[PDB]
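Notes follow once the structure below has been shown.
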Amino acid sequence: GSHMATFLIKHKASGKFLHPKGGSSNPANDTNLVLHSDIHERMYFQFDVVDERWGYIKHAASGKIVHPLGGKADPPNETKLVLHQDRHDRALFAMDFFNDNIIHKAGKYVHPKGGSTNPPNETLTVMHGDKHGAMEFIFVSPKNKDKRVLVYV
Amino acid sequence: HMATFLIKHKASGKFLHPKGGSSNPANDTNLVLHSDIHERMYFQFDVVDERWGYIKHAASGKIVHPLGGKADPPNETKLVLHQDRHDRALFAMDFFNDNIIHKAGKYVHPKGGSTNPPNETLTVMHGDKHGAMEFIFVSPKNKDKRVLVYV
């Protein structure tokens, strides 16, 4: 809904964060989502709850949301994650704050491309069905990157 | 308009109730499993700290406690309703793994661990994880529709 938490999406193994590539306040449609160590307001996210666990991962600065590129119902492994303005069911994710992962409605997870525990800055993110330590994410305060915050509001 | 929901034992389809089904259960009333549905078995969840909060009997405002209110209760500790609020009554509603976890790490179980507990079976804390300790949180008007308990 319109009341949302504002948080950082932190890759647990590396300590890096989800960013729009380039860090714009208003990324173009289909801008890749990457991992990067910087912290600033143009990498803050919100979670827009739609249907129980399901909702949109919203870029706070622009209002664009996370999508598997191309808007397929069941994206294959290695489908890149991007930002896009469209709001529809194929952009639904759940923020699993118990198992520490981000799961798409068709069942794959958000990963760093290549699956490293310690990826470099600018590493792309993709959908992949595998579960392992390098696909874990926690959701933390913009003012304290170690403090978990509740994203279901 | 806080979330109001049924706590459904996944394996059996029975629900969490105050023993006796009252709108006004006394302090230390046991929490049981039972198949009946009514407004006196609706629950709410009051968030305290991120994942942690109080599981609340909607009709009375009583919350779930380990009997005796200890921080780190042993296996088989009965679960009861009580009006007091304190940090030993904190639980998280894990709607991903489908369980209810206390702050010290044990889970809500049917006493005995059955996949098909009879009506009136007591609930307890126990550290084990298995299919008969799974619970889902559903709409009073549609017991198959999961609802978000955090809002």
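Chains: A, B, ... in order of the structure tokens. Residues: from 1 per chain. Ligands: from 1, in order shown.
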
How close does chain B get to chain A? List, as a Markdown table, each residue of chain B within 10 Å, its nearest atom pair and the distance in Å to one decimal, counting only C-alpha atoms.
```
| residue | atom | partner | partner_atom | distance |
| --- | --- | --- | --- | --- |
| B:47 | CA | A:150 | CA | 9.6 |
| B:49 | CA | A:150 | CA | 8.3 |
| B:50 | CA | A:150 | CA | 4.8 |
| B:51 | CA | A:150 | CA | 6.7 |
| B:52 | CA | A:150 | CA | 9.8 |
| B:92 | CA | A:98 | CA | 9.5 |
| B:93 | CA | A:98 | CA | 9.6 |
| B:94 | CA | A:98 | CA | 6.7 |
| B:95 | CA | A:53 | CA | 8.2 |
| B:96 | CA | A:96 | CA | 6.6 |
| B:97 | CA | A:98 | CA | 7.7 |
| B:138 | CA | A:52 | CA | 9.9 |
| B:145 | CA | A:52 | CA | 9.1 |
| B:146 | CA | A:52 | CA | 6.6 |
| B:147 | CA | A:52 | CA | 5.2 |
| B:148 | CA | A:52 | CA | 4.7 |
| B:149 | CA | A:52 | CA | 8.5 |
| B:150 | CA | A:152 | CA | 6.4 |
| B:151 | CA | A:153 | CA | 5.7 |
```

How about saving the chosen residues, C-alpha atoms kept, as a short mmCIF file (atom, residue, chain, number, x, y, z; two decimals), in the first residue's frame?
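The file below, selection.cif, is the result:
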```
data_model
loop_
_atom_site.label_atom_id
_atom_site.label_comp_id
_atom_site.auth_asym_id
_atom_site.auth_seq_id
_atom_site.Cartn_x
_atom_site.Cartn_y
_atom_site.Cartn_z
CA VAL B 47 4.25 -5.76 16.22
CA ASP B 49 10.28 -4.99 17.24
CA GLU B 50 10.76 -5.90 13.56
CA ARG B 51 9.69 -9.58 13.39
CA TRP B 52 8.80 -9.79 17.10
CA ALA B 92 7.46 -14.06 15.30
CA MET B 93 4.96 -15.20 12.71
CA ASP B 94 7.13 -16.96 10.10
CA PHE B 95 4.81 -17.01 7.09
CA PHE B 96 7.65 -18.27 4.85
CA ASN B 97 8.55 -21.44 6.75
CA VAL B 138 -5.74 -17.13 7.06
CA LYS B 145 -6.56 -17.48 1.83
CA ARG B 146 -3.37 -16.44 3.63
CA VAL B 147 -3.40 -12.95 5.14
CA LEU B 148 -0.47 -10.71 6.18
CA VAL B 149 -0.37 -10.64 9.98
CA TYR B 150 2.23 -7.80 10.23
CA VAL B 151 -0.24 -5.04 9.24
#
```

Pick out the residues sitting within 9 Å of residue A:76, and hand them over as an MDAnalysis selection string; count only C-alpha atoms, and ignore anything fewer than 6 positions along from it in its own chain.
chainID A and resid 108 127:129

Pull N, CA and C atoms from the residues just selected and write them as an mmCIF file, in the first residue's frame.
```
data_model
loop_
_atom_site.group_PDB
_atom_site.id
_atom_site.type_symbol
_atom_site.label_atom_id
_atom_site.label_comp_id
_atom_site.auth_asym_id
_atom_site.auth_seq_id
_atom_site.Cartn_x
_atom_site.Cartn_y
_atom_site.Cartn_z
ATOM 1 N N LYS A 108 11.677 -18.307 -8.499
ATOM 2 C CA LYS A 108 13.128 -18.101 -8.517
ATOM 3 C C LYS A 108 13.493 -16.960 -7.608
ATOM 4 N N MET A 127 17.642 -13.476 -11.981
ATOM 5 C CA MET A 127 16.804 -14.538 -11.389
ATOM 6 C C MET A 127 17.538 -15.866 -11.525
ATOM 7 N N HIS A 128 17.475 -16.688 -10.454
ATOM 8 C CA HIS A 128 17.974 -18.075 -10.528
ATOM 9 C C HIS A 128 17.287 -18.908 -9.446
ATOM 10 N N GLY A 129 16.994 -20.147 -9.810
ATOM 11 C CA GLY A 129 16.327 -21.038 -8.848
ATOM 12 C C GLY A 129 17.186 -21.556 -7.722
#
```

Which residues, written as an MDAnalysis selection string, have at least one atom at most 8 Å from residue A:81, with only C-alpha atoms counted and residues fewer than 5 positions away on the same chain left out?
chainID A and resid 32:33 66:69 124:127

Give me, as a list in words, all polymer residues having an atom no more than 6 Å from stretch 4-17 of chain A, counting only C-alpha atoms and skipping those fewer than 3 positions away in the same chain.
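Close residues of stretch 4-17 of chain A: residues 35, 36, 37, 44, 45, 46, 117, 118, 134, 136, 137, 138, 139, 140, 141, 142, 151 and 153 of chain A.
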
May I have the selected residues written with N, CA and C atoms, as a CSV table (one decimal), in the first residue's frame?
```
chain,number,residue,atom,x,y,z
A,35,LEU,N,24.8,-4.7,-7.8
A,35,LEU,CA,25.4,-4.5,-6.5
A,35,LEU,C,26.5,-3.5,-6.4
A,36,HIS,N,26.5,-2.7,-5.3
A,36,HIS,CA,27.5,-1.6,-5.2
A,36,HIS,C,27.6,-1.3,-3.7
A,37,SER,N,28.8,-1.0,-3.2
A,37,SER,CA,29.0,-0.6,-1.9
A,37,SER,C,28.6,0.8,-1.4
A,44,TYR,N,18.0,3.7,-2.0
A,44,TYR,CA,17.0,3.3,-1.1
A,44,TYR,C,15.8,2.6,-1.8
A,45,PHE,N,15.2,1.6,-1.2
A,45,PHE,CA,14.1,0.9,-1.7
A,45,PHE,C,12.9,0.9,-0.7
A,46,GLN,N,11.8,0.6,-1.2
A,46,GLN,CA,10.5,0.5,-0.5
A,46,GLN,C,9.8,-0.8,-0.9
A,117,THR,N,30.0,-15.0,-3.5
A,117,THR,CA,29.8,-14.5,-2.2
A,117,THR,C,30.3,-13.0,-2.1
A,118,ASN,N,31.3,-12.7,-3.0
A,118,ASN,CA,31.9,-11.4,-2.9
A,118,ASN,C,32.1,-10.8,-4.2
A,134,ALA,N,25.1,-17.1,-1.2
A,134,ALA,CA,25.4,-16.0,-2.0
A,134,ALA,C,24.1,-15.4,-2.6
A,136,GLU,N,21.5,-14.7,-0.4
A,136,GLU,CA,20.8,-14.2,0.8
A,136,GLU,C,20.9,-12.6,0.8
A,137,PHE,N,19.8,-12.0,1.3
A,137,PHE,CA,19.7,-10.6,1.4
A,137,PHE,C,19.0,-10.2,2.7
A,138,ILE,N,19.4,-9.2,3.4
A,138,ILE,CA,18.7,-8.6,4.6
A,138,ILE,C,18.3,-7.2,4.3
A,139,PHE,N,17.4,-6.7,5.0
A,139,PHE,CA,16.7,-5.4,4.8
A,139,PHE,C,16.9,-4.5,5.9
A,140,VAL,N,17.7,-3.4,5.7
A,140,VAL,CA,18.3,-2.7,6.9
A,140,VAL,C,18.0,-1.2,6.8
A,141,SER,N,18.2,-0.5,7.9
A,141,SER,CA,18.0,0.9,8.0
A,141,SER,C,18.9,1.7,7.2
A,142,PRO,N,18.5,2.7,6.5
A,142,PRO,CA,19.4,3.6,5.8
A,142,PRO,C,20.4,4.3,6.7
A,151,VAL,N,9.9,-4.7,6.5
A,151,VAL,CA,9.5,-4.2,5.3
A,151,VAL,C,8.0,-4.3,5.0
A,153,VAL,N,4.7,-3.4,5.9
A,153,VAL,CA,4.0,-2.3,6.5
A,153,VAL,C,2.8,-2.0,5.7
```

Got a sec: who's within 8 Å of residue A:30, counting only C-alpha atoms, leaving out chain neighbours fewer than 6 positions off, as a ChimeraX atom specification?
/A:69,82-84

Enumerate the residues of stretch 53-135 of chain B with a DSSP assignment of strand (DSSP E), computed from the backbone, and present them as a VMD selection string.
chain B and resid 53 to 57 63 to 66 79 to 82 91 to 94 99 to 102 107 to 110 123 to 126 135

Filtering to C-alpha atoms, could you give me those residues as a short mmCIF file (atom, residue, chain, number, x, y, z; two decimals), in the first residue's frame?
```cif
data_model
loop_
_atom_site.label_atom_id
_atom_site.label_comp_id
_atom_site.auth_asym_id
_atom_site.auth_seq_id
_atom_site.Cartn_x
_atom_site.Cartn_y
_atom_site.Cartn_z
CA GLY B 53 5.39 -9.07 18.56
CA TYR B 54 2.43 -10.25 20.62
CA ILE B 55 -0.04 -12.83 19.35
CA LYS B 56 -3.39 -11.50 20.57
CA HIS B 57 -6.79 -13.11 21.11
CA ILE B 63 -1.79 -12.43 24.42
CA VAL B 64 0.03 -15.72 24.09
CA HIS B 65 2.56 -16.61 26.80
CA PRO B 66 4.60 -19.58 27.77
CA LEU B 79 0.99 -22.07 25.88
CA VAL B 80 -1.65 -19.90 27.55
CA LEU B 81 -3.40 -16.57 27.23
CA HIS B 82 -2.60 -13.79 29.69
CA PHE B 91 6.89 -14.34 19.05
CA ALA B 92 7.46 -14.06 15.30
CA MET B 93 4.96 -15.20 12.71
CA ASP B 94 7.13 -16.96 10.10
CA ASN B 99 5.73 -21.64 11.90
CA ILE B 100 5.39 -19.59 15.06
CA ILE B 101 8.73 -19.00 16.83
CA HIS B 102 9.28 -17.64 20.34
CA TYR B 107 8.16 -23.19 18.26
CA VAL B 108 4.46 -23.62 18.91
CA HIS B 109 3.48 -27.28 18.65
CA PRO B 110 0.45 -29.44 19.25
CA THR B 123 -0.33 -26.49 22.59
CA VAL B 124 3.23 -26.39 23.88
CA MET B 125 6.62 -24.99 23.09
CA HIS B 126 9.15 -27.37 21.56
CA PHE B 135 0.79 -23.10 10.94
#
```

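Of the listed residues A:102, A:135, A:18, A:73, the one whose atoms come nearest to residue A:90 is A:73, with distances taken using only C-alpha atoms.
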
What separates atom CA of residue B:40 and atom CA of residue B:23 is a distance of 5.2 Å

Contacts of residue B:32 within 12 Å, only C-alpha atoms, excl. fewer than 4 positions in-chain, as a CSV table (one decimal) with N, CA and C atoms, in the first residue's frame:
```csv
chain,number,residue,atom,x,y,z
B,7,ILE,N,-5.5,-18.8,13.0
B,7,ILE,CA,-4.2,-19.5,13.1
B,7,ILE,C,-4.5,-21.0,12.8
B,8,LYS,N,-4.2,-21.5,11.7
B,8,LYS,CA,-4.6,-22.8,11.2
B,8,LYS,C,-3.4,-23.7,11.2
B,9,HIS,N,-3.6,-24.9,11.9
B,9,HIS,CA,-2.6,-26.0,11.9
B,9,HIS,C,-2.6,-26.5,10.5
B,14,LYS,N,-7.2,-27.8,11.7
B,14,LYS,CA,-7.7,-27.3,12.9
B,14,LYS,C,-7.2,-25.9,13.2
B,15,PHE,N,-7.7,-25.2,14.1
B,15,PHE,CA,-7.4,-23.8,14.5
B,15,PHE,C,-7.0,-23.7,15.9
B,16,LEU,N,-6.2,-22.7,16.2
B,16,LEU,CA,-5.9,-22.3,17.6
B,16,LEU,C,-7.1,-21.6,18.2
B,17,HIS,N,-7.5,-22.0,19.4
B,17,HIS,CA,-8.6,-21.5,20.2
B,17,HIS,C,-8.2,-21.3,21.6
B,18,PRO,N,-8.8,-20.4,22.4
B,18,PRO,CA,-8.8,-20.5,23.8
B,18,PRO,C,-9.6,-21.7,24.2
B,19,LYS,N,-9.0,-22.5,25.2
B,19,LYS,CA,-9.8,-23.6,25.7
B,19,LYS,C,-11.1,-23.2,26.3
B,20,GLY,N,-12.2,-23.7,25.7
B,20,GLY,CA,-13.6,-23.3,26.1
B,20,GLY,C,-14.2,-22.4,25.2
B,21,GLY,N,-13.5,-21.7,24.3
B,21,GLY,CA,-14.0,-20.8,23.3
B,21,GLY,C,-14.7,-19.6,23.8
B,36,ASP,N,-13.7,-26.0,15.2
B,36,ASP,CA,-14.8,-25.0,15.1
B,36,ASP,C,-14.3,-23.7,14.7
B,41,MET,N,-12.3,-17.3,18.2
B,41,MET,CA,-11.0,-17.9,17.8
B,41,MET,C,-10.3,-17.1,16.8
B,64,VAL,N,-0.6,-14.4,23.9
B,64,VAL,CA,0.0,-15.7,24.1
B,64,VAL,C,1.3,-15.6,24.9
B,78,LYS,N,3.5,-25.4,28.4
B,78,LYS,CA,2.2,-25.0,27.8
B,78,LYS,C,2.1,-23.6,27.4
B,79,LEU,N,1.3,-23.4,26.3
B,79,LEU,CA,1.0,-22.1,25.9
B,79,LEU,C,-0.4,-21.7,26.4
B,80,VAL,N,-0.5,-20.4,26.9
B,80,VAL,CA,-1.7,-19.9,27.6
B,80,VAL,C,-1.9,-18.5,27.1
B,81,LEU,N,-3.1,-18.0,27.4
B,81,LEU,CA,-3.4,-16.6,27.2
B,81,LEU,C,-3.3,-15.8,28.5
B,108,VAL,N,5.8,-23.1,18.5
B,108,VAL,CA,4.5,-23.6,18.9
B,108,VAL,C,4.2,-25.0,18.3
B,109,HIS,N,3.8,-25.9,19.1
B,109,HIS,CA,3.5,-27.3,18.6
B,109,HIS,C,2.1,-27.7,19.2
B,110,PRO,N,1.4,-28.7,18.5
B,110,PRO,CA,0.4,-29.4,19.3
B,110,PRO,C,1.2,-30.4,20.3
B,111,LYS,N,0.6,-30.5,21.5
B,111,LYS,CA,1.2,-31.4,22.4
B,111,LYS,C,1.2,-32.8,21.8
B,117,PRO,N,-4.0,-33.9,15.4
B,117,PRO,CA,-4.4,-33.8,16.8
B,117,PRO,C,-5.9,-33.8,16.9
B,118,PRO,N,-6.5,-34.5,17.9
B,118,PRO,CA,-7.9,-34.3,18.2
B,118,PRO,C,-8.3,-32.9,18.7
B,119,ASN,N,-9.6,-32.6,18.6
B,119,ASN,CA,-10.1,-31.4,19.2
B,119,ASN,C,-9.7,-31.4,20.7
B,120,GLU,N,-9.3,-30.2,21.2
B,120,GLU,CA,-9.0,-29.9,22.6
B,120,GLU,C,-7.5,-30.2,22.9
B,121,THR,N,-6.7,-30.7,21.9
B,121,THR,CA,-5.3,-30.9,22.1
B,121,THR,C,-4.6,-29.6,22.6
B,122,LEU,N,-3.8,-29.7,23.6
B,122,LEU,CA,-3.1,-28.5,24.1
B,122,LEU,C,-2.0,-28.2,23.2
B,123,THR,N,-1.5,-26.9,23.2
B,123,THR,CA,-0.3,-26.5,22.6
B,123,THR,C,0.8,-26.2,23.6
B,124,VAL,N,2.0,-26.4,23.1
B,124,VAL,CA,3.2,-26.4,23.9
B,124,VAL,C,4.3,-25.8,23.1
```

For a test of reading the model, state the distance in Å between atom CA of residue B:106 and atom CA of residue B:133, rounded to one decimal.
10.8 Å

Best match for closeness to residue A:111 among A:34, A:92, A:28, A:43, counting only C-alpha atoms
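Answer, going by the shortest atom-to-atom distance: A:34.
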
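In this model, the gap between atom CA of residue B:59 and atom CA of residue B:98 comes to 24.2 Å.
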
Enumerate the residues of chain B with a DSSP assignment of helix (DSSP H, G or I), computed from the backbone, and present them as a PDB file with N, CA, C and O atoms, in the first residue's frame.
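Produced file result-v6.pdb, reproduced below:
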```
ATOM      1  N   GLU B  39     -16.067 -16.179  16.136  1.00  0.00           N
ATOM      2  CA  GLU B  39     -15.322 -14.992  16.411  1.00  0.00           C
ATOM      3  C   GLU B  39     -14.386 -14.969  17.671  1.00  0.00           C
ATOM      4  O   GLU B  39     -13.470 -14.108  17.948  1.00  0.00           O
ATOM      5  N   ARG B  40     -14.634 -15.984  18.489  1.00  0.00           N
ATOM      6  CA  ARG B  40     -13.840 -16.171  19.667  1.00  0.00           C
ATOM      7  C   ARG B  40     -12.574 -16.977  19.463  1.00  0.00           C
ATOM      8  O   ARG B  40     -11.799 -17.256  20.394  1.00  0.00           O
ATOM      9  N   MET B  41     -12.279 -17.314  18.184  1.00  0.00           N
ATOM     10  CA  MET B  41     -11.011 -17.933  17.821  1.00  0.00           C
ATOM     11  C   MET B  41     -10.256 -17.064  16.789  1.00  0.00           C
ATOM     12  O   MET B  41      -9.252 -17.495  16.204  1.00  0.00           O
ATOM     13  N   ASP B  87       8.526  -8.923  27.486  1.00  0.00           N
ATOM     14  CA  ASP B  87       9.361  -9.442  26.415  1.00  0.00           C
ATOM     15  C   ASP B  87       9.476 -10.931  26.367  1.00  0.00           C
ATOM     16  O   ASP B  87      10.018 -11.498  25.398  1.00  0.00           O
ATOM     17  N   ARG B  88       8.954 -11.650  27.370  1.00  0.00           N
ATOM     18  CA  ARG B  88       8.958 -13.103  27.344  1.00  0.00           C
ATOM     19  C   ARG B  88       7.731 -13.652  26.611  1.00  0.00           C
ATOM     20  O   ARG B  88       7.619 -14.843  26.388  1.00  0.00           O
ATOM     21  N   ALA B  89       6.856 -12.770  26.181  1.00  0.00           N
ATOM     22  CA  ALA B  89       5.692 -13.084  25.363  1.00  0.00           C
ATOM     23  C   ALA B  89       5.864 -12.656  23.888  1.00  0.00           C
ATOM     24  O   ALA B  89       4.880 -12.476  23.193  1.00  0.00           O
ATOM     25  N   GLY B 131       6.669 -31.283  10.116  1.00  0.00           N
ATOM     26  CA  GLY B 131       5.444 -30.872   9.434  1.00  0.00           C
ATOM     27  C   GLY B 131       4.259 -30.596  10.365  1.00  0.00           C
ATOM     28  O   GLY B 131       3.403 -29.766   9.996  1.00  0.00           O
ATOM     29  N   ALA B 132       4.205 -31.258  11.519  1.00  0.00           N
ATOM     30  CA  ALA B 132       3.082 -31.130  12.446  1.00  0.00           C
ATOM     31  C   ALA B 132       3.177 -29.919  13.320  1.00  0.00           C
ATOM     32  O   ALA B 132       2.265 -29.731  14.134  1.00  0.00           O
ATOM     33  N   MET B 133       4.219 -29.088  13.233  1.00  0.00           N
ATOM     34  CA  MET B 133       4.277 -27.826  13.921  1.00  0.00           C
ATOM     35  C   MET B 133       4.112 -26.630  12.965  1.00  0.00           C
ATOM     36  O   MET B 133       4.282 -25.496  13.399  1.00  0.00           O
TER      37      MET B 133
END
```

Residue A:25 environment, 10 Å, only C-alpha atoms, sequence neighbours closer than 4 positions dropped, as a list in words
residues 20, 41, 42, 43, 59, 60, 61, 62 and 63 of chain A

Just checking: using only C-alpha atoms, which residue out of B:128, B:28, B:43, B:38 ends up closest to residue B:75?
B:128

In terms of the shortest atom-to-atom distance over only C-alpha atoms, which of A:40, A:87, A:3, A:145 is closest to residue A:56?
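Using only C-alpha atoms, residue A:56 sits closest to A:87.
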